[PDB]
Each structure stands twice: as structure tokens, then as C-alpha cells.
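J.: kindly return the folded structure for what I paste below:
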Amino acid sequence: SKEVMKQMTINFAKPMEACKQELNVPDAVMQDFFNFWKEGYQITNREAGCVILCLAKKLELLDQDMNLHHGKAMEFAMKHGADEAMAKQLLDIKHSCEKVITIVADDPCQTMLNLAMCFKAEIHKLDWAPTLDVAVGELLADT
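T.: Numbering: from 1, shown residues only. Let me share the structure:
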């Protein structure tokens, strides 16, 4: 009822507000994920990964109009303006990063955050930009 009322309302917020309470974490650390997308910005917090990995399961929650579903990244990414070469590149960057980053057996949040900040590192270098729908979407879809 409340998210009806205002002129601007956010479709992708339903898994995101759900993650914050589901994980039993403060509003401070879900906003660490919002700050994370700012380039070079020094997000080191273990909770940032914990929220990030949480969306990847909860893509089911997302609106069908953006076409995001888990495992469907190659098809999804192309709908968001990636070419087929560039789509496989985001998946290639991820798996290339996974082997160089610290992976923690105990803590999947460090594995996700360390990967994500490595993944963003590579698309920063590139002459083309994926959008937040597609750059995160291929990561989150292929979690």
C-alpha cells in the first residue's frame, strides 16, 4: 500500500528491502551496495557481499518486463544492449576473476564482494559500458 502512493516508486525494490530484513542487517549495509556502484569507491564491508549475493537468488521477484531470470544471462544481457561477444565477456570476466580473488569457504560474502569488485575493475578498463541491469545482471543471473 505505501509504495503505491508516491510519484516515483521502484519496481526492483521488493527483493532488495526483503534482503535487508532477511539478512537481519541494518540500512547502513544495504546502502553500502548502492555506494559500491560508484567507481573506485572503497567498500570493504563483509555485509556488502551478503546483500549482493542475496539479490542473485531473488531475481524471480523482479519484473518480467526487464526479462531477468537466473541462468538466462546470455539472452537477458543481449536484451539490455550487450552484443553476443560482450555478453560472454561479462561471464568470462567473472569466471576469470573468480580464480584470482580470495574465496572464503566460511564466508561467501567476501567471495562475492571480492569478485564483484574484480568484475567491476575489468569493465572499468573497457571501451564500452554495460548498464547496472546487465553488468550486475549477468553476475547475479550466473551466481
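J.: list the helices and strands the top helix by length along the chain packs on?
T.: If you go by DSSP state H, the chain has its longest helix at helix 108-125. Other helices and strands packing on helix 108-125, by 3 or more Cβ pairs under 8 Å, 6 or more residues apart in numbering; DSSP states H and E, are helix 46-57, helix 84-98, helix 132-141. Heads up, the C-betas are built off the backbone N, CA and C, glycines and all.
J.: hmm, try it at 6 Å
T.: helix 46-57, helix 84-98 (3 or more Cβ pairs under 6 Å, 6 or more residues apart in numbering; DSSP states H and E).
J.: got the angle for that helix vs helix 84-98?
T.: Relative orientation of helix 108-125 with respect to helix 84-98: 130 degrees, computed using axes from the mean of the first three to the mean of the last three Cα atoms, to 10 degrees.
J.: distance from the chain centre to helix 108-125, please.
T.: From the chain centre to the centre of helix 108-125 is a distance of 10 Å (Cα atoms, centre = their mean, to the nearest Å).
J.: give me the contact list for that helix.
T.: 46, 48-50, 52-53, 93-94, 97-98, 101-104, 135 (Cβ atoms under 6 Å, 6 or more residues apart in numbering).
J.: so which of the helices and strands packed on helix 108-125 is the most surrounded?
T.: Highest mean neighbour count among these (mean count of other Cβ atoms under 10 Å): helix 46-57, with a mean of 21.
J.: and the two most separated of the contacts of helix 108-125?
T.: Farthest pair in the contacts of helix 108-125 (Cβ to Cβ) is 104 and 135. Separation: 23.5 Å.
J.: more neighbours: these two, which one.
T.: Taking neighbours as other Cβ atoms under 10 Å, residue 104 and residue 135 compare with residue 135 leading, 21 against 14.
J.: so who does that one touch?
T.: residue 123.
J.: could you measure from it over to residue 110?
T.: 20 Å (Cβ to Cβ, to the nearest Å).
J.: now do the SS call for residue 32.
T.: helix (DSSP: H, G, I helix; E, B strand; the rest coil).
J.: ok, now which ones touch it?
T.: Counted by Cβ under 6 Å, 6+ apart, residue 32 has contacts 43, 45, 48.
J.: how many other residues sit next to the first one?
T.: Meaning residue 43. Around residue 43 there are 19 residues (other Cβ under 10 Å).
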